[PDB]
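Peer 1: Fold the following, please.
(chains A, B, C and D)
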Amino acid sequence: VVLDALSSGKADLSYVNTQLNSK
Amino acid sequence: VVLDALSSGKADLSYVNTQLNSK
Amino acid sequence: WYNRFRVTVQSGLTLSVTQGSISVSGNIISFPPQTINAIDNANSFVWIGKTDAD
Amino acid sequence: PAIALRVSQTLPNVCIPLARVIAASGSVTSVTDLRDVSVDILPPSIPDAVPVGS
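Peer 2: Numbers count the residues shown, from 1 in each chain, chains lettered A, B, ... in the order given. Below you will find the coordinate block:
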């Protein structure tokens, strides 16, 4: 349960990279 | 120990969204 | 695709919305699982967007 | 005014979004699906020509 909560609730590297280079 | 290390080190998706909002 | 932004009761008036990504003018915003309260003795609407005040 | 597949630098308020492509040095760095299979699109706000009560 803690691992699933971590996976759902934490920013993944691809998303953060794409948004960071999107602005 | 790996679980708590990953929870501490990795950034929250809410925090990343707020920071991306700031820029 | 089926469970994206699914709104389920967590406990009391607090409801849990699952994670999901929205597109705003081509910009992708990802939201984690979150909780929000309803309004007692009323039919409330849970949505995503921006208000005139905010 | 012909309808076809186009690539622009800005999403029109009236369009069918397919993808957002970030490319650099002649190579694509990232592709993001903008379809309903991946994201829930916040609809554009298009005001009417005549204000209410006019």
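Peer 1: Assumed residue A:3 was part of a strand.
Peer 2: No - with DSSP: H, G, I helix; E, B strand; the rest coil as the criterion, residue A:3 is helix rather than part of a strand.
Peer 1: where exactly do the helices run in chain A?
Peer 2: A:2-9, A:13-20 (DSSP state H).
Peer 1: which of those helices sits most buried?
Peer 2: Per-stretch averages of neighbours, counted by mean count of other Cβ atoms under 10 Å in any protein chain shown, single out helix A:13-20 among those, with a mean of 15. (C-beta placed from N, C-alpha, C; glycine too.)
Peer 1: Run the angle between that helix and helix B:13-22 for me.
Peer 2: 20 degrees (axes from the mean of the first three to the mean of the last three Cα atoms, to 10 degrees).
Peer 1: Would you check how far apart the nearest residue to residue C:4 once chain neighbours are set aside and chain B are?
Peer 2: Spatial nearest neighbour of residue C:4, chain neighbours left out: residue C:20 (4.2 Å); criterion: Cβ to Cβ, 6 or more residues apart in numbering or on different chains. Look at residue C:20 and chain B: by Cβ to the nearest Cβ, to the nearest Å, they are 11 Å apart.
Peer 1: gap between the two ends of stretch C:3-12?
Peer 2: Here the two ends of stretch C:3-12 are set 22 Å apart, with distance taken as Cα to Cα, to the nearest Å.
Peer 1: so how far is it off the chain centroid?
Peer 2: Centroid separation for stretch C:3-12 versus its chain: 8 Å, with Cα atoms, centre = their mean, to the nearest Å.
Peer 1: Report the buried residues of that stretch.
Peer 2: By 16 or more other Cβ atoms under 10 Å in any protein chain shown, the buried positions in stretch C:3-12 come out as C:4-5.
Peer 1: Fine, thanks again, bye for now.
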